[PDB]
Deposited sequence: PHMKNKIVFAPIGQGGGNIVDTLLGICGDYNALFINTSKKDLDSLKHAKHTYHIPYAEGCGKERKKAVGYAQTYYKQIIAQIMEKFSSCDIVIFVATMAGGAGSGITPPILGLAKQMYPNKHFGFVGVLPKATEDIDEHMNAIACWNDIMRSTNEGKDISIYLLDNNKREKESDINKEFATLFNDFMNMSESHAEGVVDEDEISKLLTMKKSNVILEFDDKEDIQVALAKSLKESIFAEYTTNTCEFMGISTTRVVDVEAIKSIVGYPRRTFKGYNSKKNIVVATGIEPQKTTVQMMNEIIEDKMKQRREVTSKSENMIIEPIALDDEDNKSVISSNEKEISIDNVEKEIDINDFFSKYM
């Protein structure tokens, strides 16, 4: 359920992502966190903000003394929320520098809550500092979460669309569609408890929607190729959720998406959606940024 989730976007990019999601559905909770007051003030749908009194060194310096106040803000207002999802543009100063410590610190302080992370990787065309922030952000998150085993990760890739705004809109749609798989229907449905289980599964999650039209293997292949989520190279996941307008061949979906150890299947009247959770974190895709850094450094 949407009310049991609280988002903690940190920095400009993350805020835009959560602001966009809330514009599609406001049933979620959110505390927007930022060093920039202008950014907070320019949010359209922010009921709760916390201002901290591109440069991650500076973001970090201002926020350090406040990590515990920040965590307390979240827990004061949204202590009834069992799922806390931090959201950051990994190339951003505050997003890259502040999110890992706060997430690492919150996980230790609230061992019974589930934590997740939505991170956006920068386009290949971005410059060195941007990639360096994203890499450092990833590494700090890995180091604090047992290489991604202690949290769920939604890793987005700005290379996959022309405008950031398209990544944002699409993620909001996919995530909200994911949460709507419980919408009553005859007959089979993906239970709310199963949606919960998919939400609380650790490591990497990927959400796919595919065309009701063409061959199901072809449609899912298009969906993966065009996916706004960072590419993954493994072939297994942990729990898979499937909600489709018609009867489908579940073995063919697993064939393209990954082989789960457990599946929850259901139907809905609107879309065809696969949620794959527990995927090994996309180290290979992230590590490509190192090749970008090398090449841009060569230029200098």
property: Chain regions without C-alpha coordinates, deposited sequence numbering; result: 1 to 2, 56 to 61, 309 to 360
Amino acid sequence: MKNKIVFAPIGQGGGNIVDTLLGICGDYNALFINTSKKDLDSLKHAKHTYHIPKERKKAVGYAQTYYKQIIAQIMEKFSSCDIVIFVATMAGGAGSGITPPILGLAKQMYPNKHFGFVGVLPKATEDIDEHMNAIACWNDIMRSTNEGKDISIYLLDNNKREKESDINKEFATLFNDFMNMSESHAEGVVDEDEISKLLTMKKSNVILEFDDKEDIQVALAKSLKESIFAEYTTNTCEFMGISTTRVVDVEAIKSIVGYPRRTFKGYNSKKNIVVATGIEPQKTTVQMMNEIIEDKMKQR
From here on, numbers count along this sequence of modelled residues.
| item | value |
| --- | --- |
| 181 to 189 or 222 to 230, whichever carries the higher mean Cα B-factor | 181 to 189 |
| Entry-level comparison of average CA B-factors, 104 to 112 and 208 to 216, reporting the higher stretch | 208 to 216 |
| Per the PDB entry, maximal CA B factor within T236, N29, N34, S255 | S255 |
| Out of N133, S80, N159, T89, residue topping the C-alpha B-factor column of the entry | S80 |
| For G241, the third of its chain into which the C-alpha B factor falls | lowest |
| Position of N290 among the chain's modelled residues by C-alpha B-factor, lowest, middle or highest third | highest |
| Chain thirds of CA B-factor: placement of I74 | highest |
| Third of chain Cα B-factors occupied by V247 | highest |
| Assigned third (lowest, middle, highest) for the C-alpha B factor of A63 | highest |
